[PDB]
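**Q** sharing an experimental structure here, sequence included.
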Amino acid sequence: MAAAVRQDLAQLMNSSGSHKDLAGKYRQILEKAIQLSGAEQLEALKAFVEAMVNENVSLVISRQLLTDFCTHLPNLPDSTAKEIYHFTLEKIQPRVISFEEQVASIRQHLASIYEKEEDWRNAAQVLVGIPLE
């Protein structure tokens, strides 16, 4: 199922379609990825992030869909959410300047998981990573 998501995302990469239609199709793929359960969901969500950070996808689309993507992550189990947050930060790192808003949201959610688990140092380091100044 993750391969179908990767396939669908690869097909949209160089689409000429309108913003609302294109974003709507990416959102449909996101909803498909979110409806999976297990390693398939994890793999599909990673493929989604990998597609979003691709330079051939316009920032307007990637920013919108990564924000949408982020709103779905608190609904996932802690270990899954934590891994996806770290993966997303790592894949955003080469273009960190372009996704600052998403980085801040991710770091706040991630630090909250570490805090809930009493992993104080990791929670603090995650928040210290937010470039406030």
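**A** In hand now; what should we look at? Numbers count the residues shown, from 1 in each chain.

**Q** please enumerate the helices of this protein.
**A** With DSSP state H, the ranges of helices along the chain come out as 2-12, 19-34, 39-52, 59-72, 78-92, 100-116, 120-128.

**Q** determine which stretch of those is the most buried.
**A** helix 39-52 (a mean of 20; mean count of other CB atoms under 10 Å). C-beta: built from backbone N, CA, C; applies to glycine.

**Q** give me the helices and strands touching it, please.
**A** With contacts taken as 3 or more CB pairs under 8 Å, 6 or more residues apart in numbering; DSSP states H and E, helix 39-52 sits against helix 2-12, helix 19-34, helix 59-72, helix 78-92.

**Q** how about those helices in JSON lines, adding distance to residue 114?
**A** JSON lines is the format used below for those (distance: least, CB to CB, whole Å):
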{"stretch": "helix 2-12", "distance to residue 114": "27"}
{"stretch": "helix 19-34", "distance to residue 114": "23"}
{"stretch": "helix 59-72", "distance to residue 114": "17"}
{"stretch": "helix 78-92", "distance to residue 114": "8"}
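
**Q** what's the closest of the ones you listed to residue 40?
**A** helix 2-12 (5.4 Å; CB to CB).

**Q** what sits closest to residue 122 if chain neighbours are left out?
**A** residue 114 (4.4 Å; CB to CB, 6 or more residues apart in numbering).
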